[PDB]
2 protein chains.
Amino acid sequence: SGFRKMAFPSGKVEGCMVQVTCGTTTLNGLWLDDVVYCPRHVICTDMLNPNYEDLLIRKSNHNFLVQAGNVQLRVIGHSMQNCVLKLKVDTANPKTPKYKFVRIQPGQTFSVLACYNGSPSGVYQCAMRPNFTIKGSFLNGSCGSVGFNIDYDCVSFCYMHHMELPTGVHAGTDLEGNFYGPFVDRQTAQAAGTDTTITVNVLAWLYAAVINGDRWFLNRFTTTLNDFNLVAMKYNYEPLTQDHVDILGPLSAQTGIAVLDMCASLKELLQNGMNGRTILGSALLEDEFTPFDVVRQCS
Amino acid sequence: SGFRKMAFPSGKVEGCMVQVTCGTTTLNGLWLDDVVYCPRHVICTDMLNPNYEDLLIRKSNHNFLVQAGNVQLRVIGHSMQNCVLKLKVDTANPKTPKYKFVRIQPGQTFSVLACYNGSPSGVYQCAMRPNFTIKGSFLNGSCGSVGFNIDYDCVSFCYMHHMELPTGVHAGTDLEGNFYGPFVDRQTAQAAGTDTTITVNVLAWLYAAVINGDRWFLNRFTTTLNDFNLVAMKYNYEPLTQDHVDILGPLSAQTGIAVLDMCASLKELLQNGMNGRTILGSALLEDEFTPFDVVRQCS
Ligand SMILES: *[C@@](O)(C(=O)NCc1nccs1)[C@@H](Cc1ccccc1)NC(=O)c1ccccc1
Ligand SMILES: *[C@@](O)(C(=O)NCc1nccs1)[C@@H](Cc1ccccc1)NC(=O)c1ccccc1
């Protein structure tokens, strides 16, 4: 019993993290087979509007210093793909897990291994927000840290941390180097849009709470998809789709509570609040558990 | 920026987790040097009131099956220490980290690596509650999972999971096999006492929030230690000591807010609530960050 915000075991990623230095910029890199992936602004000193192409021109393989713990790696190639650099090294990482690079959708969750100078500091669970930011915990030197999911022995890398916005939220790329959302790797006038709540996730957490003993919010009412979406638009919740209803099926089946009945419970929680009660230890509705996360944790 | 509930990187522990089977009971074990540590109720089928001594009598080394991934380990010795078994195996774990066994105090936090059948499933941060339980997330088969802290390369094991109480909270031992609190490894009429809030931790989280931009709760008032403790007793918060004031010094120094001024802010939050605002993304006061956790994360 219990429901907690849980990350995947981080070991398979820890073995991949290295330190990359270029001139005087040190950040974190990700070493998989014979390539080290890092943010491209490792070649920068500038940040107002860098011509990354022209900055990479003054650089050769020997200008990139890659250190894996204490093992110094020999760089034999370098290229820019979008906003990442790929440093070919002469040795395969013996520690490379089975892995895939994946571009996730807003609403999906992942674990983050925060790193500084190539060394892991902590692990936590995050979500890609609807506005394509993540609410992380990152400090200077954290760029190059990565987000991932682990299915069986396979690591699905989905995020590389690049930057912190003036709002205190975080922006970054997939492992192909394309940013999530509209952000650019410059210090410019960029700011997060409207962050909306992830309705399908809230419902799944409501299901997690029933499985674990919290049921005061269960009402004697039901609703319709269109009726609920009117309420969600008012409260800046994302619209709920029949695809979302279908994904919640297994949770509906386990608990015997129909998705539309849970929607009417959420409806009442949105118009009435919690009246000083808590659900799974929180006085706010939680939207960073996917339906898959509830099933995995509760089974 | 950002403040999140963060666990230590779990890799050093993942390499220590094994599967222990005795008869038909399988649970998790912890393999360090040439000893595997597991809960002693691996030798049980009973649970009402087991005579553990007499159950261990019918067992020999070959009755304990230890599997580390797919490597089968050969047991050459066994003993009972308090509520754990120590299985001597013929090979040292090549993956053994530098480690220490530590009995932590209520109020202290640690990371938990939840395991099933010797395989890690997730990592999360927990605290030893004042009533010597932990509010974990554990399912059948999770016994033998461990809690730990990591300072530099040294793993400080502090918890082994044994049991879930009828209340849905969790109880377990240090790695010497002594339970935290009064619990016994039996299915009997045992229940958690009064859980109180960890005042020194709440204050440290209040400091974390100021560091990160949340300051609406900062008041134009101060208070005294005795005055505050009257308020804390009413709201079932632990008494605050001069030792606690001293531990918060570095956070006081960074932010320039005196501990007793923060106490007056907490005072007002306790008598008035949050009036529908949030602090660091929560509408409840958080007590599972130690002062050390705030500094480590915010630096
Ligand atoms: C990285 O870009 C980085 O850490 N990005 C993510 C952040 N999260 C919170 C704050 S920053 C590094 C690259 C770098 C630059 C210069 C020296 C060493 C590393 N950027 C910074 O660390 C940085 C951030 C803000 C102002 C100056 C420097
Ligand atoms: C462990 O004692 C165990 O998992 N303890 C911690 C728990 N947290 C939440 C639920 S239980 C195992 C040992 C065992 C016994 C029998 C077969 C395999 C393993 N106990 C249970 O898994 C168990 C719990 C509750 C009822 C029956 C069995």
Side-chain angles (χ1 to χ4, degrees), chain A residues 1-3 19-29 38-47 50 83-84 112 114-118 121 133-146 159-173 183 185-187 212 297-298, chain B residues 1-3 19-29 38-47 50 83-84 112 114-118 121 133-146 159-173 183 185-187 212 297-298:
Chain A
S1 196
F3 207 70
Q19 180 191 247
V20 182
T21 293
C22 190
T24 60
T25 304
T26 295
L27 44 70
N28 313 274
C38 74
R40 73 173 174 175
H41 67 244
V42 70
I43 75 185
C44 292
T45 70
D46 203 2
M47 203 60 159
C83 301
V84 296
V112 173
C115 290
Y116 304 87
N117 306 126
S121 58
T133 71
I134 65 169
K135 291 197 216 154
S137 161
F138 289 115
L139 288 161
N140 297 68
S142 65
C143 45
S145 298
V146 297
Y159 179 82
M160 186 159 254
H161 183 59
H162 292 236
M163 65 180 288
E164 173 175 311
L165 295 163
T167 45
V169 298
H170 309 102
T173 74
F183 313 102
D185 52 357
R186 306 176 209 170
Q187 204 195 54
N212 293 296
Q297 188 164 163
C298 296
Chain B
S1 196
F3 207 70
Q19 180 191 247
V20 182
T21 293
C22 190
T24 60
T25 304
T26 295
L27 44 70
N28 313 274
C38 74
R40 73 173 174 175
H41 67 244
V42 70
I43 75 185
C44 292
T45 70
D46 203 2
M47 203 60 159
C83 301
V84 296
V112 173
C115 290
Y116 304 87
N117 306 126
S121 58
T133 71
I134 65 169
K135 291 197 216 154
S137 161
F138 289 115
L139 288 161
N140 297 68
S142 65
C143 45
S145 298
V146 297
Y159 179 82
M160 186 159 254
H161 183 59
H162 292 236
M163 65 180 288
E164 173 175 311
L165 295 163
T167 45
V169 298
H170 309 102
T173 74
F183 313 102
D185 52 357
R186 306 176 209 170
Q187 204 195 54
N212 293 296
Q297 188 164 163
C298 296

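Numbers restart at 1 for each chain; the letters A, B, ... are given by sequence-line order, proteins then strands. When a ligand or atom number is given, it counts from 1 through the structure's own listing order. These values consider heavy atoms only, across backbone and side chains, with no hydrogens, waters or symmetry-generated copies.
Backbone and side-chain nitrogen or oxygen atoms of A:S1 are examined, and none is located within less than 3.5 angstrom of a nitrogen or oxygen of ligand 2. Among the atoms of A:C143, some N or O lies under 3.5 angstrom from an N or O of ligand 1. Checking only distances, B:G141 does come within under 3.5 Å of ligand 2, N or O to N or O. Between A:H170 and ligand 1, a contact under 3.5 Å exists for no N or O pair.
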Quiz item: Could you go step by step and tell me if A:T173 and A:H162 meet the side-chain hydrogen bond (donor to acceptor under 3.5 Å, both in side chains) rule?
Solution: CA-CA 7 Å; A:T173 74; A:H162 292 236; 3.1 Å; yes
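Of the heavy atoms in A:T24, none comes closer than 4.0 Å to ligand 1. If you look at A:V42 next to ligand 1, there are no close heavy atoms at all, none under 4.0 Å. With a 4.0 Å cut-off on non-hydrogen atoms, A:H161 touches ligand 1 through its side chain and not its backbone.
The heavy-atom pair separating A:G2 from B:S137 by the smallest distance is O-OG, 3.7 Å. In terms of heavy-atom proximity, A:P39 sits nearest to A:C143 at CG-C, 4.1 Å. When all heavy atoms of B:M47 and B:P50 are compared, the pair lying nearest together is O-CD, 3.7 Å. Listed here is the closest heavy atom pair of B:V84 and B:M160: CG1-SD, 4.2 Å.
When only non-hydrogen protein atoms are considered, atom 26 (C) of ligand 2 lies nearest to B:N140 ND2, 3.7 Å. For atom 14 (C) of ligand 2, the nearest protein heavy atom (residue, atom name, distance) is B:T25 CG2, 3.8 Å. Scanning the protein for heavy atoms near atom 2 (O) of ligand 2, the closest one is B:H41 NE2, 2.5 Å.
Among A:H162, A:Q187, A:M47, the residue whose heavy atom lies nearest to atom 5 (N) of ligand 1 is A:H162. With A:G2, B:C22, B:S142, B:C38 as candidates, the residue nearest to atom 7 (C) of ligand 2 on a non-hydrogen basis is B:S142. Here atom 19 (C) of ligand 2 lies nearest to B:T26 when heavy atoms of B:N28, B:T26, B:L27 are compared.
At least one donor-acceptor pair under 3.5 Å links the side chain of A:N28 to the backbone N or O of A:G141. The closest donor-acceptor contact from the side chain of B:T25 to the backbone of B:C44 lies under 3.5 Å.
Atom NE2 of B:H41 sits about 10.0 Å away from atom SG of B:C83, to the nearest 0.5 Å.
Aromatic ring pairs are classed by plane angle as parallel below 30°, tilted from 30° to 60° and perpendicular above 60°; the pair A:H170 and A:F138 is perpendicular.
Heavy-atom contacts of B:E164 reach the following atoms of ligand 2: 8 (N), 9 (C) (cutoff under 4.0 Å).
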